[PDB]
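Protein chains in written order, with PDB author numbering: chain B, 154 to 201; chain C, 154 to 201; chain D, 154 to 201; chain A, 154 to 201; chain M, 22 to 140, 145 to 334; chain P, 22 to 140, 145 to 334; chain O, 22 to 140, 145 to 334; chain N, 22 to 140, 145 to 334.
Below: one structure, written as structure tokens.
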Amino acid sequence: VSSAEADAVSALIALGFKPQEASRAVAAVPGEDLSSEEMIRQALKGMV
Amino acid sequence: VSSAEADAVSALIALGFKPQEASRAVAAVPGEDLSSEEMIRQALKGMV
Amino acid sequence: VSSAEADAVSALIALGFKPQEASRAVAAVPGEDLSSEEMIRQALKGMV
Amino acid sequence: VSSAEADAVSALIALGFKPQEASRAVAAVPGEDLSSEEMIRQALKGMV
Amino acid sequence: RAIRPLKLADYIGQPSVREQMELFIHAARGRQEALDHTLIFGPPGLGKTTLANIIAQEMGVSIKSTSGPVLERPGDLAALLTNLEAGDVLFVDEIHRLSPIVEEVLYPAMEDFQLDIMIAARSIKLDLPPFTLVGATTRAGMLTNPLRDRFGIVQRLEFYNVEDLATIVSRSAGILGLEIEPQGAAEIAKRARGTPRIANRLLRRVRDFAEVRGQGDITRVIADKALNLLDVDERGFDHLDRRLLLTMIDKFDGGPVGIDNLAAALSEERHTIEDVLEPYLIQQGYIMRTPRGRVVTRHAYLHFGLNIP
Amino acid sequence: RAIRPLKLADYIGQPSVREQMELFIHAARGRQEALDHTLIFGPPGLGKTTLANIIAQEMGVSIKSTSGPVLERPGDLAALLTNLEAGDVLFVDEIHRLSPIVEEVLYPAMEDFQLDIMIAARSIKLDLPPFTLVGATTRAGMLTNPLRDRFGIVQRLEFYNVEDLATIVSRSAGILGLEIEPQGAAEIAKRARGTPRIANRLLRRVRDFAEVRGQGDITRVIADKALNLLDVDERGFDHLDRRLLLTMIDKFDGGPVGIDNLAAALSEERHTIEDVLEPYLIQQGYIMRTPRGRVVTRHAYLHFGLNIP
Amino acid sequence: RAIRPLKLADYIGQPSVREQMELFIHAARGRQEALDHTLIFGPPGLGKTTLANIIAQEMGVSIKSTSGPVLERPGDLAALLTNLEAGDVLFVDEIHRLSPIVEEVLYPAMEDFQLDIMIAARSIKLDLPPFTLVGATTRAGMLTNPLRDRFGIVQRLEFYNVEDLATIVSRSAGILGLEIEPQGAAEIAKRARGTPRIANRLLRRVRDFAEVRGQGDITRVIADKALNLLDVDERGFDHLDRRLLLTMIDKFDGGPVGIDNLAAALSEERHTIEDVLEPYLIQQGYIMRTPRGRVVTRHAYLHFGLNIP
Amino acid sequence: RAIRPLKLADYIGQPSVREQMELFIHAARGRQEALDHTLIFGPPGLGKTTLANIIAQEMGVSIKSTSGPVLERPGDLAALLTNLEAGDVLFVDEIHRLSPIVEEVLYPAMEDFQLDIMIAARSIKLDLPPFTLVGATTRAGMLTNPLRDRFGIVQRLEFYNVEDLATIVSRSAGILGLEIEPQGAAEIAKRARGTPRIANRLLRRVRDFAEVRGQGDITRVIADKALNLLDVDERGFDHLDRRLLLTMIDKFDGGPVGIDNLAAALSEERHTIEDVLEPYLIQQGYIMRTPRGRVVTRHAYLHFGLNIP
DNA sequence: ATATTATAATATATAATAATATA
DNA sequence: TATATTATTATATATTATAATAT
């Protein structure tokens, strides 16, 4: 977990996603070693 | 109870009753070794 | 759970079935590690 | 929950914003040690 | 003869209603035929349930005059189904105010006198004796048209003219044992806002007022006393109605203008005005709220006799 | 004991549509394959499930009569599909009411009888037995364009032709045992309202009339007596409808009208009018409905010799 | 098991359109980069989704198919974009009914695949993989002008002429193994508004006719008897279409009334009314649209042998 | 690389408007202030977004842009004005579409660049930093005259002649770097319609022939096969304009016609046509504007090859 | 050049359910 | 512990709105 993950959660919430599933998608594929846009991409690929 | 009275009680909860009042309705006017329709008919006027 | 069982449980979850009843129907009728389509068929053979 | 908060809410109500949105905006910013006009200005500068 | 009369000739209602489906059903009864379904509807407070009970009692059949909003459950529905027998009749009030389960359990009854109940589980085939449901609703527009297909007869109600009102009040005063003049009956009909059952209630109230201050006979001064006491004259103008129309003529004088404006002028809730005041005069040629706004005929001005071109 | 044509060949009232459905029956049987998806739409209440049962009889295979609330979830319809077999069929109703998740679930189900479902993402492909998917709604226009385009046959439903209506009235009177006249049958077909159920109600009521007013006999003059004692016009007007016409040409004199003013002056609920009396004459087209007020068309003007602005 | 064409030359109709789109295809091949974003406008029945698939295969890219009405929130758009990757394409239809926030999200996403929407805190810098979004709507007038201007490839999709539709019928019967008389192919091509989806549906109905009533391949006589049994004239008329024609020329004298009134008279949707009417009414010159209403031409009136008054 | 113009020297447009905005910028810089609220009513987007970018480039500040219908609430406008720093540039297109409360809040912005709001009611006094409002709308005719009266700077825009296409060929094709013939550019201007957006499309689309074919021949049909159909007699117009001329000449006889009648004939928005196709077609002398009808000039008759009525 | 108001959407008071400190 | 005390999910229904028109 880092500031990129919390920023991803907040951006998905402000986009309109439900906070619990947005947080689950963020935590499933975190950007610990990669950018926030890439882990947001991988999370958004999670629920297709 | 018998299968006829059990099906009657199941129909009674299936239309909105609760099991103990269905039970005392069956016990108040028990039916004997005939088809279910007639004594469920006197039960439904017996419940009045 | 097996791979076919897990895929069937996820499929019935996506179909709207509750996960508990989906798992029960999937693990009840068929055998172990069989073809996913036919055991999904058998799990969805159940009616109320 | 504050006099400056209530003044900001009434000002945003008079400006056309909803009371619920005004409450959300005044709770979105931790305006401290500031006048009401400047706290409203930084709240408008906050999210955007 | 009672508070509510019994015989059909006691209640000379609408002559079309009094003629059709009364002699017809009187001849058709006794043919070993269960009667089909029937609606009477119209304005509220008109004792349509009393009319249906009357119809049942010249049919001479056991009736359970029921109210729909009382019987929300399917269980009491089935109880009333097993209450009656072959070729009988049931009366329900305000059918349109029911939970849907009522209608989807009475649908097989409408179909083939059938009580289909559910308990893999399987539903059970339970026939019912032949019967009759009569509908007694205020409005049945919100009632579903599968039901409108199932119900075979509808009858409407309307504001009563002064001759039917006069005959009704004379018959009910003879029921009440009064000494009212025919002019008394006419003045009572004019003072009343139609509504023959509610008019009968008003006649009972006026009879009580007259017996308080005198005898059972009704005189024009007593009618004026009752009209001033109830603040409604033979023109039917309510005190609030008279005051608001005086306010409207005092400023716009028949000027066609908007409702919000007049409601703010009168400081009264406009929706309450909508559902109470102007419909009564709207059944007559009095109030004509236009796209431009309110228009009141000089016939209403003839109460005080002042009008402009 | 409701009305039922035993076979589609035995069905009368839409003889052309009977011919195409016989074509479809022979197409399924001669090819010995599952028949195409046939889209059914027309009147809302017509016993479409009964028609599906007749089609099931024609194929000889069962049809699971299902609807929108019956298949509100993809799970139970997928369960029924698994319970379906080769050459079966499945009646579906309220597809417009059904969720789009149901629509995407049924996309491979009618797309060559398959099924695709997902589980990090994984894909699970399933097959389906071949059958005849049945889609019937009250109005087929709410269906999505790609799904109806992917669908095959479309069948429109409607009330019968006037000759066909008279033939069906004659058949029902023979079923009812009435000594009907072809002139009376044509009279009923003129008053057929577009509704065979209400038409059969009219046959019942005039059977009552011929029992009580005739000597158990039905002629043209007996039919005219029955439909002069009742609300009658060969188009289908009522004294409800005549009153509406008189007010519409009387209050605002053939112009756009305010619905609140209509309800206040007419003393019926506007919802009842627009649900019962208005839609039939809108189907007759004798009114035009504007966002500023409904105006009758030239039929009312010629109906009473009135001019056109 | 589908008969859906998947070739560039399969949709040989609109040859100038096909040549220009081939030029764009070879342009994208020579570019080896991001394509210009595409908004094709064209009424259905033409296989425009099939066209998008065919050009996607000519790109050698995977295609995902959805529509604007399906999407409701730009997060769904972002999910779809993440599912797409480099060398992909997304079929989108009816983009006019869409949330605007989707449009401001997609402005940088079609500028340089960018997304810089706000989360204050850190905003996203989502630069998507290289893949070009395309649109395949019907009418671009109801599309927004900024989206119409910003999208590169725009093209009209039109109904196919008799030679191409007959060739399509012949080649589809070739895939079906069936044999068609060239005159029968010409008559079915000049019927059905010259649209390949409806042409294929008619081919299925005619081959079912030849399976039932015929005893072999389809000739001109067999096809003509199929159209007569289906009540299809040289104009390709439908029973509902003929009913609308009768209402507009008889009830309304050409029908100078808005689409709302006629659609309610049919009790059908505005969009259903228009997408039935225009692709054959405009091409035959039987009605134009006025602000008073879609009034029919003199040609439509004289089609049924009726002289203009 | 951005092919769009960055500096005012890079800008291509009306020389008169260019000198006018040059002297406005010089007057603003001589006062050591940003440019005041300049009203630019004319073609939306064309020379307006670019003009706002020019103001941002000359002032050297960040720019924020929005639209008229986007700003539904005055609070959003106040929020963005508070977010706007000193001297920043604001671009709002379709300024005539603001709700009047938005304009009432906006009036102190071009009064004295402060939030001197006029509003149980408290006058909020927010520190509003000075900013430049690029007032963009279709025309000043429908503008509210307090707003148009309060604008310190007023100017106009017009559709450009062939000089802008020549300057585009001089500048952006050099930015493109690929060879373009001068007479080839002149024959490209046969369809460029004097539009920078169409010129950008043509610059993107001339390369299409270059990448399909490596020989690189340049002929007139080679330049036309990018849009292979000529869609015009000469000089700019398209298939939509061809349809417009066909419905003026063949249907409306090229004479007077109701504006809504022609709009419904086009089956398109009157405002869209009047903003896009009408002013340019009027500029080349193909239509004159008359209130009694939209009549076409001599060019429309002579280009069509028919006599002038 | 105002209003008005006849049809069209809309947003929340009132129904419900699910944790949670506490004698 | 089970119970009153907080959360949070629909559902009509009194609102807002527009157009087109007399005026």
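For each residue, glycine too, the CB sits at the ideal point set by N, CA and C.
Could one say the Cβ of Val201/C lies closer than 7 Å to chain M's Cβ atoms, at least one of them? At least one chain M Cβ lies under 7 Å of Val201/C.
Span separating the alpha-carbon of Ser189/A from that of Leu165/A: Cα atoms of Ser189/A and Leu165/A: separation of roughly 12 Å, rounded to the nearest angstrom.
Segments of 3+ residues assigned as beta strand (DSSP E) that fall wholly inside the stretch 191 to 238 of chain P: If we require 3 residues or more, the stretch 191 to 238 of chain P turns out to have no beta strand (DSSP E) run fully inside it.
Proximal residues to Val182/D (C-beta, below 6 Å), its chain only, five neighbours per side dropped: Correct list, in chain order: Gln195.
I need the straight-line Cα distance from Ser148/M to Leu136/M, nearest angstrom please. 10 Å
Report yes or no: is there a C-beta of chain D within less than 7 Å of the C-beta of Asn253/P? Answer no: the Cβ-Cβ gap between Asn253/P and chain D never drops below 7 Å.
Proximal chain N residues relative to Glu190/A, where beta-carbon distance stays under 8 Å: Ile149, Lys150, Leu151, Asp152
Roughly how many angstroms separate the alpha carbons of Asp266/O and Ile33/N, rounded to a whole number? C-alpha of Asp266/O to C-alpha of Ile33/N: approximately 54 Å in a straight line.
At least three beta-carbon pairs within less than 8 Å, the stretch 163 to 182 of chain M to the stretch 76 to 96 of chain M: no
CB contact below 7 Å: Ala107/M versus chain P: By the rule that beta-carbons nearer than 7 Å mark a contact, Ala107/M does not touch chain P.
Establish whether the CB of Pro90/M and some CB of chain P are separated by less than 7 Å. no
Taking C-beta pairs closer than 8 Å, name the residues in chain N that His47/O reaches, listed in chain order. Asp233, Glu236, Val237
Contact belief for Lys198/A with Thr103/N at Cβ below 8 Å, rounded distance in angstroms: 6 Å
Residue of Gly68/N, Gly66/N, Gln41/N, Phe62/N minimising C-alpha distance to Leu56/N: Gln41/N
Buried versus exposed, by CB contacts within 10 Å (16 or more), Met131/O: Flag for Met131/O reads buried.
Under 7 Å between C-beta atoms of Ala235/P and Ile223/P: no
Can you give the Cα-Cα distance for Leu29/O and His264/N, rounded to whole angstroms? Here the C-alpha atom of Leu29/O lies approximately 24 Å from the C-alpha atom of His264/N.
Give me whichever residues DSSP pairs with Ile178/P in a beta bridge. DSSP, once it has assigned bridges, lists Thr59/P as partnering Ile178/P.
Rounded to whole angstroms, what is the Cα-Cα separation between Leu201/N and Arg22/N? 10 Å
Would you mind reading off the limits of the beta strand (DSSP E) that contains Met139/P? 135 to 139
Length-filtered (4 minimum) alpha helix (DSSP H) runs lying within the stretch 27 to 54 of chain M: Uninterrupted alpha helix (DSSP H) stretches at least 4 residues long and entirely within the stretch 27 to 54 of chain M occur at 36 to 40, 44 to 49, given in chain order.
Among the residues of its own chain, which have a CB less than 7 Å from the CB of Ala214/P, if the five just before and after it don't count? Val187, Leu190, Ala191, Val194
What is the DSSP secondary structure of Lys85/N, reduced to helix, strand or coil? strand
Own chain residues within Cβ distance below 6 Å of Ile247/M, not counting five before or after: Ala235
Beta-carbon of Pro26/N versus every beta-carbon of chain A: anything under 7 Å? no
Assuming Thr157/N is part of the alpha helix (DSSP H), what are its boundary residues? No alpha helix (DSSP H) holds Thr157/N; the beta strand (DSSP E) holding it covers 156 to 162.
Within chain N, partners of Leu165/A - CB distance below 8 Å: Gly96
State yes or no: is the C-beta of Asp114/N within less than 7 Å of the C-beta of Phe156/N? no
Shortest alpha-carbon distance to residue 11/O belongs to which of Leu331/O, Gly63/O, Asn225/O, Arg50/O? No answer is possible for residue 11/O: the residues shown for chain O start at 22 and end at 334.
Do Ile61/O and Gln180/O have their C-beta atoms within less than 7 Å of each other? For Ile61/O and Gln180/O, yes; Cβs fall inside 7 Å.
For a contact defined as C-beta to C-beta under 7 Å, what are the partners of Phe184/M on chain P? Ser292
Classify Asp263/M as helix, strand or coil using the three-state DSSP reduction. coil
Assuming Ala146/P and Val179/B make a contact with CB atoms under 8 Å, what is their CB distance in whole Å? Incorrect: roughly 17 Å between the Cβ atoms, too far for contact.
If you follow the beta strand (DSSP E) that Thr169/P is part of, which residue opens it and which one closes it? Segment: none, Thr169/P is in no beta strand (DSSP E) and carries neither H nor E.
I'd like the list of long-range same chain contacts for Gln35/N, defined as Cβ closer than 7 Å, with 5 residues on each side in sequence excluded. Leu182, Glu183, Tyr185
Nearest chain A C-beta to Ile140/N closer than 7 Å, yes or no? Yes, because at least one Cβ of chain A sits closer than 7 Å to the Cβ of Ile140/N.
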